[PDB]
Amino acid sequence: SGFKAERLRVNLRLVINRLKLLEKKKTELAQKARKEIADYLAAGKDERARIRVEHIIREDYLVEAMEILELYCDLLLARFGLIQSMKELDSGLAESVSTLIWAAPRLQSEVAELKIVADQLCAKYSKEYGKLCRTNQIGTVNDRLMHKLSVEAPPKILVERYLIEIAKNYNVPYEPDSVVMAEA
Amino acid sequence: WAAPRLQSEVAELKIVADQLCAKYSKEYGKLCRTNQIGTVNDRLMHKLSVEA
Amino acid sequence: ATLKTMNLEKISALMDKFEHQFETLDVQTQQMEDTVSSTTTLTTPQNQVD
Amino acid sequence: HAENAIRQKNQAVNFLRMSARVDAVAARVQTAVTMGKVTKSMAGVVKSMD
Amino acid sequence: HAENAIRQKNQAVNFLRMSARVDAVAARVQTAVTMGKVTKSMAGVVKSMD
Amino acid sequence: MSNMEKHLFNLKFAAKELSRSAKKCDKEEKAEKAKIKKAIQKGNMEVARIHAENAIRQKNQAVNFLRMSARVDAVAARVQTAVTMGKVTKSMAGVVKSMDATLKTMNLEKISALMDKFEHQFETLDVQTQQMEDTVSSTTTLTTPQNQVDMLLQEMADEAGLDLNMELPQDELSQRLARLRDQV
Amino acid sequence: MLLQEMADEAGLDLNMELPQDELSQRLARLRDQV
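In this view, residue numbering begins from 1 on each chain in the order the sequence is written and may differ from the entry, while residues that lack coordinates are not shown. Numbering of ligands from 1 and lettering of chains from A proceed in the order in which they are written. The full assembly is larger than what is shown, and all values describe the shown chains rather than the whole. The side-chain numbers reported here are obtained from all heavy atoms of the structure, hydrogens and water having been left aside.

cryo-EM is the method the PDB entry states for this structure, with the resolution given as 2.95 Å.

This is the structure:
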């Protein structure tokens, strides 16, 4: 009881559709954002440009994270026979199932169906496994994805390198923070 | 053997299986579904396996 | 309101059913045409068409 | 189109043959209608002259 | 447009093929209607002449 | 008119109203510019400045209305998709429901039966035509003697230059497959 | 089943077969702790 295979199958397909669409939209919005950084740098407002590129870095990391989750949903669909057949969790699926349960509370603001995918996977493999996933006590959640959805501020050198590349591309004079470039 | 695997797509295949079980008896039908009867085609069972 | 009454899971279902019901209508056309073909076999001998 | 051409070729012969048979029957009922009119007229003449 | 062109190319063949099959059936019910009229007329002639 | 069609109608109307407002501002920038020239020629510098401030004001109003019109069009274009795709979704839902009913009342087993009966009943009508024609043939045997028909065919064939003798009673795969049946 | 059917039509996610404040909970925990 609780678990319904078709709820999981339908919602996995929906999650892929929604992620596939959000990646495109967010990629386009990053173009518009980078133009705005060049405008701030041209206006000599470098100290603000630094804080505006933190938004760009976070959206870029998020788009990369959405690509990883798209892949794990597509993997659970490809090997959906195993999910439905066994009662134990296979090794091949452990990364995917644990990561999707871990990610859902972070992403479910944007990708509402991802909550239902997580809830069904917890109904299948039990609530206790679901709790061990959400904290990564299960030690199986994908490390790169957890990095990409971290709440920490970007490294100062990443911010500076972003400004250097954007400034170069839009032919705007920029001089990077000497202290940060030295610390690197 | 195949009907329970395929009957999502090929609905009539259920009726074919049900009639063949009515003909040759329910017990033969059960021995088929597990291949205890040792007669189900091997290549077909491979091709409908759930393994990656 | 409309995204409640026809949510994406319900759309997914409806589209699956739509597709599967046109598979069935293809099966039905095929066997109407096979019947008509056999019905008028003597009016179109194969060798004459060839 | 080839199968239609050969089909309508063969339908034409079946209709032509049936038309010939129904004409042959129509030609016989014409004799029956006319020879009935003649027989009643002769019966009437016989009665009048009697 | 390329996908529309190829789609309507293939729809045209399916409609043409179905039209040919429905004609073949219409041609057979024409025989049944006409041969029914002939059979009733012959039945009527037989009764009149009897 | 649906509740959403009303909203679309009002959005399309607001977009045009803003577009007209931009056109009115442009035509009044031209009108005020003409009045600046007249006031300068008459030395009325105070009145010239009032028209100059009107010209520059209506220049800038025109851009704001034009920009707002573009934004309201973009929204009107999206609610058009929502209205049309709603009509399509309801029509598909209706088709699915109709076909579900007809595929119940005339399922494929019932169609199979009906088609078998159709074919078998036209076999019977062929048997009946044959014996009507055989009766009519025997009925009018004396009107068409065989030898007279044969002679007319031969005469017409002679005129046509056709060599086929018409008095006489005028595939190999079938023959070989028959020989196989005899050999076993 | 009738409730679940009507909820499905309404698009409501609440499963109707199942048996479907924190200050009260905390004040209860206090009573247990003393």
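From this point, the discussion proceeds with the structure in view.
Brief notes about the interface of chain D and chain C
To be explicit about the condition: Here, residues are in contact when the closest pair of their heavy atoms is within 4.5 Å. We count a salt bridge whenever a side-chain nitrogen from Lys or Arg sits within 4 Å of a carboxyl oxygen from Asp or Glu. Amino acids outside the nonpolar list (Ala, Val, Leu, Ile, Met, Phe, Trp, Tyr, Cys, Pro) and the charged list (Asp, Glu, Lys, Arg) are all regarded as polar, and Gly is one of them.
Contacts between chain D and chain C engage six residues on the former and six residues on the latter. Our enumeration of links across chain D and chain C arrives at zero salt bridges. Taken together, the residues of the side of chain D that touches chain C sort by class into two nonpolar, two polar and two charged.

A short note on the packing of helix 1 (residues 5–42) of chain A against helix 2 (residues 8–39) of chain C
The test is simple: Lines fitted to C-alpha atoms define the axes here, with helix axes fitted over just the stretch in contact, and angles between the N-to-C directions of these axes take values from 0 to 180 degrees. Secondary structure counts use DSSP, requiring at least four H or I residues in a row for a helix and at least two E residues in a row for a strand, with both numbered from the N terminus. Here is the rule for angles: anything less than 35 degrees is roughly parallel, anything more than 145 is roughly antiparallel, 65 through 115 is roughly perpendicular, and the remaining ranges are oblique.
Two elements in contact, helix 1 of chain A and helix 2 of chain C, have axes separated by 10 Å at closest approach and are oriented at 105 degrees. The angle between helix 1 of chain A and helix 2 of chain C places the two elements in the roughly perpendicular class. Here helix 1 of chain A contributes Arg7(A), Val10(A), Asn11(A), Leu14(A) and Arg18(A) to the contact with helix 2 of chain C, which in turn contributes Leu8(C), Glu9(C) and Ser12(C). Broken down by class, the residue content of the contact of helix 1 of chain A with helix 2 of chain C amounts to three nonpolar, two polar and three charged.

Concerning the packing of aromatic side chains
Here is the rule we go by: Geometry of aromatic contacts follows a simple scheme: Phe, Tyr and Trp rings, the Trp one being its six-membered ring, pair when their centres are within 6.5 Å, and the pair is stacked under 30 degrees between planes, edge-to-face over 60, tilted otherwise. Three labels apply to residues, based on accessible area from a 1.4 Å probe with only protein chains included: buried if under 20% of the type maximum, exposed if over 50%, partly exposed otherwise in between. Only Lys NZ and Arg CZ are tested; either one counts as a charge over a ring when it is within 6 Å of the ring centre and within 35 degrees of the ring normal.
For the structure on display, the rule yields four aromatic pairs over all chains. Ring geometry for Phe18(C) and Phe22(C): centres 5.0 Å apart, planes at 65 degrees, overall edge-to-face. On the criterion of helical spacing, the pair formed by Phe18(C) and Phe22(C) is a turn pair, its members being four residues apart in helix 2. Classification of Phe22(C) as partly exposed rests on a relative accessible area of 30%. On the numbers, 5.0 Å between centres and 65 degrees between planes, the contact of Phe118(F) with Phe122(F) is edge-to-face. Placement of both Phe118(F) and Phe122(F) in helix 3 (residues 108–139) is noted, with a separation of four residues, approximately one turn of the helix. The ring of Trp102(A) has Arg106(A) sitting right over it, with the charged end atom 3.8 Å from the ring centre. One cation-aromatic arrangement involves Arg5(B) over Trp1(B); the distance from NZ or CZ to the ring centre is 3.8 Å.

Let's talk about unusual backbone geometry
In the Ramachandran plot, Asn136(A) falls in the positive-phi region, its phi being about 60 degrees despite a non-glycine side chain. Tracing the backbone through its elements, the reader meets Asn136(A) in the loop between helix 6 (127–134) and helix 7 (143–148). The phi torsion at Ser25(B) lies on the positive side, around 85 degrees, for a residue other than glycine. Along the chain, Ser25(B) falls in the loop between helix 2 (12–24) and helix 3 (26–33).

A few points about the state of the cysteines
What counts, and what does not: Working definition: a disulfide is two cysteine sulfur atoms within 2.5 Å of each other.
The tally for this structure, following the rule as stated, stands at zero disulfides over all chains. The thiol of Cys73(A) is unpaired, and the distance to the nearest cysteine sulfur, on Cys122(A), comes to 14 Å. The thiol of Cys21(B) is unpaired, and the distance to the nearest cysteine sulfur, on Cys32(B), comes to 6.7 Å. For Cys21(B), a relative accessible area of 14% gives the class buried.

Brief notes about the interface of chain C and chain F
Filter applied, for reference: Within 3.5 Å is the distance limit for a polar contact, defined as a pair of N or O atoms, with the added protein rule that one can donate a hydrogen and the other accept it, and that residues adjacent in sequence qualify only through two side-chain atoms.
Facing 16 residues of chain C, the contacting portion of chain F comprises 14 residues. Taken together, the links from chain C to chain F amount to one salt bridge. Measuring nitrogen to oxygen at the nearest pair gives 3.4 Å for the salt bridge that ties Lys17(C) to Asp100(F). Linking chain C to chain F there are five residue pairs in polar contact.

Remarks on the side chain of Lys148(A)
Its location among the elements puts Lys148(A) in helix 7. Among all residues touching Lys148(A), those that are not within four sequence positions of it are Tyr61(A), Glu64(A), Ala65(A) and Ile68(A).

Overview of a positive patch on the surface
All names here are of chain F. Basically, it comes down to this: For patch detection, residues must exceed 30% relative accessible area and be free of salt bridges, and they are connected within 9 Å for like charges or within 5 Å for nonpolar side chains (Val, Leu, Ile, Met, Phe, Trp, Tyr). Under the convention used here, a 1.4 Å probe and the Shrake-Rupley method define accessible areas, while residue burial counts only the protein chains that appear. Residues scored as charged are limited to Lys and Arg (positive) and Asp and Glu (negative), so that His and the chain ends carry no count. Charge positions are represented by NZ for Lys, CZ for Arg, CG for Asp and CD for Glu.
Where like charges cluster on the molecular surface, the positive patch consists of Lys12, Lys16, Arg20 and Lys23. Among the secondary structure elements, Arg20 is positioned in helix 1 (residues 3–41). With a relative accessible area of 48%, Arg20 lands in the partly exposed category.

Describing the pattern of salt bridges
Any two side chains of opposite charge can pair, so long as their charged atoms come close to each other. All names here are of chain A. Counted according to the given criterion, the structure contains 32 salt bridges over all chains. Here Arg50 ties to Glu160 by a salt bridge, and the two come within 2.8 Å at their closest N and O atoms. One end of the pair, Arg50, is in helix 2 (residues 46–78); the other, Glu160, is in helix 8 (residues 156–169), with 110 residues separating them in the sequence. The two residues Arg50 and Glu160 agree in class, both being buried. Each of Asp46, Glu47, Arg50 and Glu160 takes part in a single network of salt bridges with overlapping partners.

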